[PDB]
Every structure is written in C-alpha cells, then in structure tokens.
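S.K.: The structure's right below; bear with me while I get my questions together.
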Protein chains: 2
Amino acid sequence: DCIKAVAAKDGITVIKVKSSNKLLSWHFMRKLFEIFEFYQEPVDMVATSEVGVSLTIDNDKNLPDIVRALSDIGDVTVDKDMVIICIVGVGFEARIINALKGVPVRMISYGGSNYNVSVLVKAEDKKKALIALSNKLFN
Amino acid sequence: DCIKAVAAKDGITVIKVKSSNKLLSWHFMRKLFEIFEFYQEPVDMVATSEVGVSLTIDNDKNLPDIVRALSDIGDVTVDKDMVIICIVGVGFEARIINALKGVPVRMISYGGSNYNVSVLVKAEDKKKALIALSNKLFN
C-alpha cells in the first residue's frame with residue numbers, strides 16, 4: 001500500500017517494573033502478562049531490559065490493582081499523562097527517529113509486524129513531537 | 001555511573017507471530033510468554049504491534065517445538081543468524097539510532113529500565129553497524 005500516516009493516542013499510562021532478583025526472566029514475563037490478562041488490559045508498547053520492563057495501558061480504571069499485583073514480582077514506578085505516536089511509512093526508521101532529536105522520548109519500539117515506528121512522549125511534548133514528525137514524514 | 005559501552009550478542013533468532021484474529025490481545029500475550037516459559041527461554045528483545053509481535057531467543061535447541069506451539073495462536077515466521085547490539089550512554093537515543101541510517105535494522109527497542117538502546121541486525125550487517133555506533137558513541 002502507498003500510505004504515509006502519523007497517529008497520536010492520548011490518555012496513556014506507562015508502567016516500569018524492575019524484576020525481583022529472585023525471579024528467572026521467563027517466569028517473570030509470564031506472570032507479568034498474566035496480570036494484564038486478568039484485568040483485560042491491552043498493551044500498545046513494551047520494551048524489556050536485563051533489569052526489567054516498561055509497558056503501557058490505555059486507561060487507569062484498574063491501575064491501582066495492577067500496581068498492587070505487580071509489586072509482588074518487582075519494584076514498580078508509574079508515569080501518567082503520556083501519548084503514543086505511531087508513524088507509518090532503507091533506514092527510514094532511523095530518519096524518523098532522528099526528527100525527535102530535540103524532544104524527550106520515554107520509549108521507542110520498531111519491529112513488531114509492520115514498518116510502523118511507535119514512540120511514547122509526555123503530554124507536554126506531544127505538539128513539538130507531532131510537528132517534527134509531520135514535517136519530516138510529509139516533506 | 002560515567003559509562004559509555006557498545007556490546008554485541010551473536011547467535012540470535014528472531015520470531016514473528018501475527019496473532020490469530022480470534023484472540024484478544026491480552027490473552028494472546030499471556031499464551032505467548034507462557035510458551036517461552038515452558039521452554040525456559042529468555043527473551044532479550046520484544047516489539048508489539050496491532051497485528052502481532054516479534055521477539056528473540058538466544059539459542060535454537062527448542063526452536064522447532066516453540067514454532068509448533070506458537071502456530072496454534074498465530075502465523076509464525078522466523079529469521080536466524082541475527083545479532084543484538086546494545087548501546088549504553090536530551091535526545092541521545094535519537095543520535096545513536098541515526099548512526100544506523102545506512103544499515104538495515106530488523107528491530108529497535110528503547111525504554112525498558114535503562115537508557116540502553118537495543119537494536120537487532122543480520123549477521124552480514126554486524127560490522128558496518130558496530131563501526132558506525134562505535135564512531136558515534138566514542139567520538
């Protein structure tokens with residue numbers, strides 16, 4: 001398809017869980033996603049590390065019960081009022097990310113099933129980020 | 001800590017699973033990680049999308065049984081002989097990613113628990129990618 005697009009999704013919460021040292025990563029990741037399953041929460045973005053993982057939820061109705069449950073498998077921190085921006089396009093993804101050079105970015109994900117690049121920013125940086133991505137994607 | 005580092009991990013396999021339309025994402029993600037738990041496989045990088053997810057394993061001993069099991073919850077494709085590169089450092093991550101402008105990249109992940117940027121490339125592009133990242137990170 002011959003499509004270029006920029007999309008923003010507001011009202012996002014990011015959750016960071018640093019796994020307990022006691023837990024083997026493969027058990028930790030299953031337990032983690034099982035907690036999100038229980039509360040029927042879709043996750044738009046995920047990024048793992050050696051230490052732990054950050055992921056998003058699109059509503060906070062169940063947030064306290066989710067943090068409570070997660071606090072059993074790791075140390076949990078939360079940042080509210082975030083925004084997911086999705087950019088739909090030979091290094092393309094590098095050029096797009098490079099347009100965000102001047103804006104703080106909390107997460108980046110590329111390689112799921114598409115050529116879409118996903119980025120998470122604070123609400124206060126949404127406009128700056130969208131303007132830079134629109135100018136680059138559509139020039 | 002006042003540390004800059006570049007690290008490469010060889011012998012990686014990437015698995016792409018496009019979820020069955022029948023399945024709600026939150027159930028799909030738990031089932032998925034539960035299959036990796038059964039086979040005790042750690043996952044260094046993950047990237048989700050609307051359609052489905054891509055993830056890595058560091059050995060292929062259990063690969064056929066994993067694809068077999070996953071084929072029940074989605075359409076599965078696999079690419080072997082990959083390499084994970086980790087770069088440890090106000091837009092820093094954008095500048096680092098921008099050094100890969102000329103190299104094909106299969107995945108990018110940033111935001112797990114660190115300021116580390118993770119990238120997945122084919123074995124044939126390891127040297128080019130490492131040279132570009134070392135020059136940028138260490139100049």
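In the structure tokens, each chain is lettered A, B, ... as it comes, each chain's residues begin at 1, and ligands are numbered from 1 in order of appearance.
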Could you give me, as a list in words, the residues within 12 Å of residue 139 in chain B, counting only C-alpha atoms and dropping anything in the same chain fewer than 5 positions from it?
M.R.: residues 4, 96, 131, 132, 133 and 134 of chain B
S.K.: Which residues come within 12 Å of residue 95 in chain A, counting only C-alpha atoms, excluding same-chain residues fewer than 3 positions away, as an MDAnalysis selection string?
M.R.: (chainID A and resid 87 89:92 98:101 117 132:133 135:137) or (chainID B and resid 94:103)
S.K.: With a cut-off of 8 Å and counting only C-alpha atoms, select all residues of chain A in contact with chain B and give the selection as an MDAnalysis selection string.
M.R.: chainID A and resid 16:18 25:27 29:30 33:34 36:37 40:54 90:92 94:95 97:114
S.K.: Can you check which residues of chain B DSSP gives as strand (DSSP E) on the backbone and send them as a PDB file with N, CA, C and O atoms, in the first residue's frame?
M.R.:
ATOM      1  N   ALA B   5      29.237   2.354  26.542  1.00  0.00           N
ATOM      2  CA  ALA B   5      29.603   1.000  26.085  1.00  0.00           C
ATOM      3  C   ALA B   5      28.829   0.576  24.855  1.00  0.00           C
ATOM      4  O   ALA B   5      27.722   1.003  24.653  1.00  0.00           O
ATOM      5  N   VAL B   6      29.454  -0.258  24.042  1.00  0.00           N
ATOM      6  CA  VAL B   6      28.790  -0.942  22.926  1.00  0.00           C
ATOM      7  C   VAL B   6      29.055  -2.461  23.111  1.00  0.00           C
ATOM      8  O   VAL B   6      30.177  -2.874  23.350  1.00  0.00           O
ATOM      9  N   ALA B   7      27.995  -3.254  23.046  1.00  0.00           N
ATOM     10  CA  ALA B   7      28.026  -4.708  23.215  1.00  0.00           C
ATOM     11  C   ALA B   7      27.282  -5.411  22.091  1.00  0.00           C
ATOM     12  O   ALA B   7      26.242  -4.956  21.676  1.00  0.00           O
ATOM     13  N   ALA B   8      27.815  -6.519  21.587  1.00  0.00           N
ATOM     14  CA  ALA B   8      27.118  -7.339  20.545  1.00  0.00           C
ATOM     15  C   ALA B   8      26.911  -8.779  21.022  1.00  0.00           C
ATOM     16  O   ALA B   8      27.772  -9.379  21.628  1.00  0.00           O
ATOM     17  N   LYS B   9      25.745  -9.323  20.740  1.00  0.00           N
ATOM     18  CA  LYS B   9      25.425 -10.704  21.104  1.00  0.00           C
ATOM     19  C   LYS B   9      25.023 -11.443  19.836  1.00  0.00           C
ATOM     20  O   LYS B   9      24.017 -11.085  19.199  1.00  0.00           O
ATOM     21  N   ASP B  10      25.832 -12.421  19.455  1.00  0.00           N
ATOM     22  CA  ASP B  10      25.615 -13.288  18.298  1.00  0.00           C
ATOM     23  C   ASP B  10      24.733 -14.492  18.588  1.00  0.00           C
ATOM     24  O   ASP B  10      24.459 -14.840  19.765  1.00  0.00           O
ATOM     25  N   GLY B  11      24.390 -15.201  17.506  1.00  0.00           N
ATOM     26  CA  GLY B  11      23.605 -16.463  17.575  1.00  0.00           C
ATOM     27  C   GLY B  11      22.142 -16.311  17.927  1.00  0.00           C
ATOM     28  O   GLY B  11      21.531 -17.224  18.468  1.00  0.00           O
ATOM     29  N   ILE B  12      21.561 -15.182  17.545  1.00  0.00           N
ATOM     30  CA  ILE B  12      20.170 -14.836  17.916  1.00  0.00           C
ATOM     31  C   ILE B  12      19.207 -15.228  16.794  1.00  0.00           C
ATOM     32  O   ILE B  12      19.541 -15.200  15.610  1.00  0.00           O
ATOM     33  N   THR B  13      18.028 -15.659  17.198  1.00  0.00           N
ATOM     34  CA  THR B  13      16.955 -15.990  16.286  1.00  0.00           C
ATOM     35  C   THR B  13      15.795 -15.046  16.540  1.00  0.00           C
ATOM     36  O   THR B  13      15.435 -14.844  17.694  1.00  0.00           O
ATOM     37  N   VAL B  14      15.221 -14.431  15.496  1.00  0.00           N
ATOM     38  CA  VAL B  14      14.003 -13.593  15.704  1.00  0.00           C
ATOM     39  C   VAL B  14      12.741 -14.351  15.239  1.00  0.00           C
ATOM     40  O   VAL B  14      12.716 -14.963  14.151  1.00  0.00           O
ATOM     41  N   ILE B  15      11.707 -14.307  16.074  1.00  0.00           N
ATOM     42  CA  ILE B  15      10.431 -14.944  15.774  1.00  0.00           C
ATOM     43  C   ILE B  15       9.307 -13.895  15.685  1.00  0.00           C
ATOM     44  O   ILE B  15       9.123 -13.111  16.619  1.00  0.00           O
ATOM     45  N   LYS B  16       8.569 -13.906  14.564  1.00  0.00           N
ATOM     46  CA  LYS B  16       7.424 -13.001  14.331  1.00  0.00           C
ATOM     47  C   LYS B  16       6.157 -13.825  14.346  1.00  0.00           C
ATOM     48  O   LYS B  16       6.043 -14.774  13.592  1.00  0.00           O
ATOM     49  N   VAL B  17       5.220 -13.440  15.216  1.00  0.00           N
ATOM     50  CA  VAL B  17       3.930 -14.087  15.356  1.00  0.00           C
ATOM     51  C   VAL B  17       2.799 -13.073  15.098  1.00  0.00           C
ATOM     52  O   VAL B  17       2.656 -12.110  15.855  1.00  0.00           O
ATOM     53  N   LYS B  18       2.043 -13.251  14.014  1.00  0.00           N
ATOM     54  CA  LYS B  18       0.873 -12.415  13.751  1.00  0.00           C
ATOM     55  C   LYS B  18      -0.313 -13.120  14.403  1.00  0.00           C
ATOM     56  O   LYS B  18      -0.738 -14.176  13.960  1.00  0.00           O
ATOM     57  N   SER B  19      -0.824 -12.527  15.473  1.00  0.00           N
ATOM     58  CA  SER B  19      -1.903 -13.133  16.257  1.00  0.00           C
ATOM     59  C   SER B  19      -3.108 -13.527  15.419  1.00  0.00           C
ATOM     60  O   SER B  19      -3.467 -12.839  14.452  1.00  0.00           O
ATOM     61  N   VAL B  46      11.734  -7.554  22.558  1.00  0.00           N
ATOM     62  CA  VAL B  46      10.323  -7.713  22.166  1.00  0.00           C
ATOM     63  C   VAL B  46       9.795  -6.365  21.595  1.00  0.00           C
ATOM     64  O   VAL B  46      10.201  -5.285  22.036  1.00  0.00           O
ATOM     65  N   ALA B  47       8.946  -6.452  20.578  1.00  0.00           N
ATOM     66  CA  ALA B  47       8.296  -5.290  19.941  1.00  0.00           C
ATOM     67  C   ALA B  47       6.898  -5.734  19.466  1.00  0.00           C
ATOM     68  O   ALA B  47       6.792  -6.623  18.638  1.00  0.00           O
ATOM     69  N   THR B  48       5.843  -5.163  20.054  1.00  0.00           N
ATOM     70  CA  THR B  48       4.438  -5.454  19.692  1.00  0.00           C
ATOM     71  C   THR B  48       3.868  -4.439  18.703  1.00  0.00           C
ATOM     72  O   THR B  48       4.387  -3.346  18.513  1.00  0.00           O
ATOM     73  N   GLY B  52       0.675  -8.155  15.479  1.00  0.00           N
ATOM     74  CA  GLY B  52       1.400  -9.123  16.295  1.00  0.00           C
ATOM     75  C   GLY B  52       2.782  -8.652  16.747  1.00  0.00           C
ATOM     76  O   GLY B  52       3.175  -7.489  16.553  1.00  0.00           O
ATOM     77  N   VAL B  53       3.576  -9.604  17.202  1.00  0.00           N
ATOM     78  CA  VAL B  53       4.794  -9.312  17.894  1.00  0.00           C
ATOM     79  C   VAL B  53       6.019 -10.038  17.359  1.00  0.00           C
ATOM     80  O   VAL B  53       5.906 -11.122  16.776  1.00  0.00           O
ATOM     81  N   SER B  54       7.188  -9.425  17.571  1.00  0.00           N
ATOM     82  CA  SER B  54       8.432 -10.044  17.231  1.00  0.00           C
ATOM     83  C   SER B  54       9.214 -10.107  18.502  1.00  0.00           C
ATOM     84  O   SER B  54       9.149  -9.162  19.320  1.00  0.00           O
ATOM     85  N   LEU B  55       9.896 -11.243  18.689  1.00  0.00           N
ATOM     86  CA  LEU B  55      10.789 -11.441  19.823  1.00  0.00           C
ATOM     87  C   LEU B  55      11.993 -12.330  19.510  1.00  0.00           C
ATOM     88  O   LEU B  55      12.017 -13.011  18.493  1.00  0.00           O
ATOM     89  N   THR B  56      12.984 -12.301  20.394  1.00  0.00           N
ATOM     90  CA  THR B  56      14.234 -13.022  20.167  1.00  0.00           C
ATOM     91  C   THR B  56      14.491 -14.170  21.154  1.00  0.00           C
ATOM     92  O   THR B  56      14.008 -14.168  22.290  1.00  0.00           O
ATOM     93  N   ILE B  57      15.225 -15.161  20.700  1.00  0.00           N
ATOM     94  CA  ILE B  57      15.747 -16.205  21.598  1.00  0.00           C
ATOM     95  C   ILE B  57      17.217 -16.323  21.269  1.00  0.00           C
ATOM     96  O   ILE B  57      17.627 -16.028  20.129  1.00  0.00           O
ATOM     97  N   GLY B  74      -1.070 -18.076  16.306  1.00  0.00           N
ATOM     98  CA  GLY B  74      -0.772 -17.114  15.225  1.00  0.00           C
ATOM     99  C   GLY B  74       0.000 -17.671  14.025  1.00  0.00           C
ATOM    100  O   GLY B  74       0.366 -18.840  14.013  1.00  0.00           O
ATOM    101  N   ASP B  75       0.196 -16.846  12.992  1.00  0.00           N
ATOM    102  CA  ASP B  75       1.035 -17.204  11.843  1.00  0.00           C
ATOM    103  C   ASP B  75       2.453 -16.828  12.276  1.00  0.00           C
ATOM    104  O   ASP B  75       2.686 -15.682  12.725  1.00  0.00           O
ATOM    105  N   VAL B  76       3.394 -17.771  12.141  1.00  0.00           N
ATOM    106  CA  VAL B  76       4.781 -17.596  12.632  1.00  0.00           C
ATOM    107  C   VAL B  76       5.842 -17.566  11.518  1.00  0.00           C
ATOM    108  O   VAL B  76       5.828 -18.420  10.633  1.00  0.00           O
ATOM    109  N   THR B  77       6.727 -16.572  11.537  1.00  0.00           N
ATOM    110  CA  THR B  77       7.872 -16.532  10.601  1.00  0.00           C
ATOM    111  C   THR B  77       9.150 -16.390  11.459  1.00  0.00           C
ATOM    112  O   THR B  77       9.104 -15.926  12.575  1.00  0.00           O
ATOM    113  N   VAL B  78      10.266 -16.851  10.927  1.00  0.00           N
ATOM    114  CA  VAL B  78      11.486 -16.914  11.667  1.00  0.00           C
ATOM    115  C   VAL B  78      12.638 -16.431  10.828  1.00  0.00           C
ATOM    116  O   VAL B  78      12.658 -16.680   9.643  1.00  0.00           O
ATOM    117  N   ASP B  79      13.571 -15.695  11.443  1.00  0.00           N
ATOM    118  CA  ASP B  79      14.848 -15.330  10.778  1.00  0.00           C
ATOM    119  C   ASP B  79      16.032 -15.602  11.726  1.00  0.00           C
ATOM    120  O   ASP B  79      16.110 -15.069  12.840  1.00  0.00           O
ATOM    121  N   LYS B  80      16.935 -16.459  11.264  1.00  0.00           N
ATOM    122  CA  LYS B  80      18.088 -16.900  12.039  1.00  0.00           C
ATOM    123  C   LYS B  80      19.323 -16.046  11.776  1.00  0.00           C
ATOM    124  O   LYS B  80      19.268 -15.124  10.974  1.00  0.00           O
ATOM    125  N   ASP B  81      20.424 -16.351  12.469  1.00  0.00           N
ATOM    126  CA  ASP B  81      21.684 -15.640  12.285  1.00  0.00           C
ATOM    127  C   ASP B  81      21.559 -14.131  12.463  1.00  0.00           C
ATOM    128  O   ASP B  81      21.976 -13.369  11.588  1.00  0.00           O
ATOM    129  N   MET B  82      21.002 -13.711  13.594  1.00  0.00           N
ATOM    130  CA  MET B  82      20.848 -12.289  13.889  1.00  0.00           C
ATOM    131  C   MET B  82      21.830 -11.910  14.977  1.00  0.00           C
ATOM    132  O   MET B  82      22.495 -12.780  15.565  1.00  0.00           O
ATOM    133  N   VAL B  83      21.923 -10.607  15.224  1.00  0.00           N
ATOM    134  CA  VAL B  83      22.794 -10.081  16.246  1.00  0.00           C
ATOM    135  C   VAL B  83      22.138  -8.928  16.999  1.00  0.00           C
ATOM    136  O   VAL B  83      21.661  -7.999  16.382  1.00  0.00           O
ATOM    137  N   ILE B  84      22.138  -8.988  18.327  1.00  0.00           N
ATOM    138  CA  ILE B  84      21.656  -7.892  19.150  1.00  0.00           C
ATOM    139  C   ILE B  84      22.842  -7.005  19.537  1.00  0.00           C
ATOM    140  O   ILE B  84      23.838  -7.495  20.049  1.00  0.00           O
ATOM    141  N   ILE B  85      22.718  -5.708  19.297  1.00  0.00           N
ATOM    142  CA  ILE B  85      23.694  -4.724  19.691  1.00  0.00           C
ATOM    143  C   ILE B  85      23.040  -3.806  20.739  1.00  0.00           C
ATOM    144  O   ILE B  85      21.920  -3.330  20.535  1.00  0.00           O
ATOM    145  N   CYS B  86      23.737  -3.588  21.849  1.00  0.00           N
ATOM    146  CA  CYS B  86      23.253  -2.772  22.961  1.00  0.00           C
ATOM    147  C   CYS B  86      24.225  -1.605  23.091  1.00  0.00           C
ATOM    148  O   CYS B  86      25.435  -1.815  23.107  1.00  0.00           O
ATOM    149  N   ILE B  87      23.689  -0.386  23.158  1.00  0.00           N
ATOM    150  CA  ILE B  87      24.467   0.823  23.254  1.00  0.00           C
ATOM    151  C   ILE B  87      24.028   1.473  24.534  1.00  0.00           C
ATOM    152  O   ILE B  87      22.825   1.759  24.723  1.00  0.00           O
ATOM    153  N   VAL B  88      25.018   1.678  25.415  1.00  0.00           N
ATOM    154  CA  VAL B  88      24.850   2.252  26.751  1.00  0.00           C
ATOM    155  C   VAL B  88      25.500   3.635  26.731  1.00  0.00           C
ATOM    156  O   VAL B  88      26.683   3.786  26.410  1.00  0.00           O
ATOM    157  N   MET B 107      14.914  -4.673  14.268  1.00  0.00           N
ATOM    158  CA  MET B 107      14.207  -4.240  15.472  1.00  0.00           C
ATOM    159  C   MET B 107      14.965  -3.152  16.180  1.00  0.00           C
ATOM    160  O   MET B 107      16.169  -3.078  16.063  1.00  0.00           O
ATOM    161  N   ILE B 108      14.222  -2.331  16.912  1.00  0.00           N
ATOM    162  CA  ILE B 108      14.751  -1.321  17.823  1.00  0.00           C
ATOM    163  C   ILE B 108      13.877  -1.270  19.092  1.00  0.00           C
ATOM    164  O   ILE B 108      12.610  -1.227  19.010  1.00  0.00           O
ATOM    165  N   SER B 109      14.543  -1.261  20.250  1.00  0.00           N
ATOM    166  CA  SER B 109      13.862  -1.123  21.489  1.00  0.00           C
ATOM    167  C   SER B 109      14.592  -0.173  22.444  1.00  0.00           C
ATOM    168  O   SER B 109      15.790  -0.244  22.627  1.00  0.00           O
ATOM    169  N   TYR B 110      13.836   0.748  23.043  1.00  0.00           N
ATOM    170  CA  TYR B 110      14.346   1.723  23.997  1.00  0.00           C
ATOM    171  C   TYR B 110      13.262   2.013  25.036  1.00  0.00           C
ATOM    172  O   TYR B 110      12.110   2.306  24.672  1.00  0.00           O
ATOM    173  N   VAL B 117      19.944   1.441  24.495  1.00  0.00           N
ATOM    174  CA  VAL B 117      19.244   1.259  23.252  1.00  0.00           C
ATOM    175  C   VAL B 117      19.650  -0.108  22.759  1.00  0.00           C
ATOM    176  O   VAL B 117      20.831  -0.435  22.728  1.00  0.00           O
ATOM    177  N   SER B 118      18.662  -0.901  22.377  1.00  0.00           N
ATOM    178  CA  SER B 118      18.880  -2.224  21.791  1.00  0.00           C
ATOM    179  C   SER B 118      18.468  -2.239  20.306  1.00  0.00           C
ATOM    180  O   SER B 118      17.398  -1.757  19.967  1.00  0.00           O
ATOM    181  N   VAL B 119      19.293  -2.825  19.454  1.00  0.00           N
ATOM    182  CA  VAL B 119      18.993  -2.961  18.015  1.00  0.00           C
ATOM    183  C   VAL B 119      19.301  -4.392  17.521  1.00  0.00           C
ATOM    184  O   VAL B 119      20.259  -5.021  17.943  1.00  0.00           O
ATOM    185  N   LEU B 120      18.481  -4.901  16.610  1.00  0.00           N
ATOM    186  CA  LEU B 120      18.711  -6.229  16.049  1.00  0.00           C
ATOM    187  C   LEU B 120      19.083  -6.066  14.591  1.00  0.00           C
ATOM    188  O   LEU B 120      18.360  -5.369  13.856  1.00  0.00           O
ATOM    189  N   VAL B 121      20.179  -6.705  14.167  1.00  0.00           N
ATOM    190  CA  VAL B 121      20.616  -6.677  12.759  1.00  0.00           C
ATOM    191  C   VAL B 121      20.994  -8.084  12.292  1.00  0.00           C
ATOM    192  O   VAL B 121      21.167  -8.976  13.124  1.00  0.00           O
ATOM    193  N   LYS B 122      21.088  -8.273  10.964  1.00  0.00           N
ATOM    194  CA  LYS B 122      21.531  -9.532  10.409  1.00  0.00           C
ATOM    195  C   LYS B 122      23.041  -9.681  10.654  1.00  0.00           C
ATOM    196  O   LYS B 122      23.760  -8.681  10.808  1.00  0.00           O
TER     197      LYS B 122
END
